[PDB]
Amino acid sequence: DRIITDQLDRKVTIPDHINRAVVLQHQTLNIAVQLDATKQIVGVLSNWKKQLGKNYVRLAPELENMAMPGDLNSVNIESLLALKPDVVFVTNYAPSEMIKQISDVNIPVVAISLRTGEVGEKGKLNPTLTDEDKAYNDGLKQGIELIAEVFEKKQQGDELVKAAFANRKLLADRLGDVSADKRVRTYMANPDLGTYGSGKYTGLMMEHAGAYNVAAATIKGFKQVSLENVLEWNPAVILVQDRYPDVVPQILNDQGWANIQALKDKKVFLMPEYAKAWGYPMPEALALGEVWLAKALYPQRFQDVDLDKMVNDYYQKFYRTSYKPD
């Protein structure tokens, strides 16, 4: 057996080889797809189609007939045990009650946060972090490395980590003279007036692309806000995650949003599949999404950057398929 330490700082004994993993978190699921580990998975979170978006099943068609014995914050133990799982990955904020149910029937649990930062905060959906860039950078690296350890995909895990951070220098160099006054004021519109404030990867994606999350000085983490807040923030650009495409026409047809700068200027943009301005960091979000956003906001700085080719090279390696625009 092996002992690992998870991202809740839990010491966890697991089998030498893992072939029946149950993955109750979409971020870990996506990393495992990119490690070519899906043959070692036998169950996934029930809401995977919602969390990964309707086209995800093109990348991982095997997910279609995968048992679903739980979700982000609950588990069905009778369903779970039928799958004879050898490990369960859960999200870092999974309730204590849920982790206990799984540990009480002796299945190893590995919690994934994709963040280091303050230990007092590791189990919180919405953390307060003193150095969010380093927390998520180090957490991403650590989390991929742990996932890769569990599934014995060490080499691909190392390649994935290198690919995630490969364009961070380019963006640093090309946008290093962007003053705080000139930084592009950006809003992430999730369904039902959802948005991301502080302590979330969303804001960091925007920073690395020469932008700023308008919600982040007053909103903590993932929260429902009022239209009135969005009106006051008056963002220059509104972004929508690819997994929630209905939100774009919804904003564009809602008269109450019509006077926001981004509406007047026709800067409401559905973000590409890979360009996940999520609460959590994902390797393709760094490698490809951050470049997409930088190129969208500063195109005259990145004309030499062949993003189409970068996307293709990445997808062929980690998704074993081409990128298909929606």
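Start at 1 with the first residue shown and count on from there.
Asker: When the Cα temperature factors in the entry are averaged, is it 252-260 or 205-213 that ends up higher?
Answerer: Comparing averages over the C-alpha atoms only gives 252-260.
Asker: Higher average CA B factor in the deposited record is what I'm after, so tell me if that's 5-13 or 21-29.
Answerer: Averaged over C-alpha atoms, the B-factors run higher in 5-13.
Asker: Go through 230, 240, 87, 147 one by one and give the residue whose Cα B-factor in the PDB entry is largest.
Answerer: Among 230, 240, 87, 147, the highest C-alpha B-factor in the entry belongs to 230.
Asker: Report the option among 178, 77, 172, 140 whose CA atom has the maximum B-factor in the deposited record.
Answerer: Of the candidates given, the C-alpha B-factor peaks at 178.
Asker: Mind checking which third residue 225 falls in for C-alpha B-factor across the chain?
Answerer: Top third by C-alpha B-factor.
Asker: What third of the chain, by the recorded C-alpha B-factor, contains residue 266?
Answerer: Its C-alpha B-factor, which the entry lists for residue 266, ranks in the highest third among residues of this chain.
Asker: Taking the values exactly as deposited, rank residue 53 by C-alpha B-factor within its chain and report the matching third: lowest, middle or highest.
Answerer: Ranked within chain, residue 53 CA B lands in the middle tercile.
Asker: Ranking the modelled residues of this chain by C-alpha B-factor as given in the entry, is residue 279 in the lowest, middle or highest third?
Answerer: According to the entry, residue 279 has a C-alpha B-factor in the chain's lowest third.
Asker: According to the PDB entry, is the CA B factor of residue 63 in the bottom, middle or top third of its chain, that is, lowest, middle or highest?
Answerer: For residue 63, the deposited C-alpha B-factor lands in the highest third.
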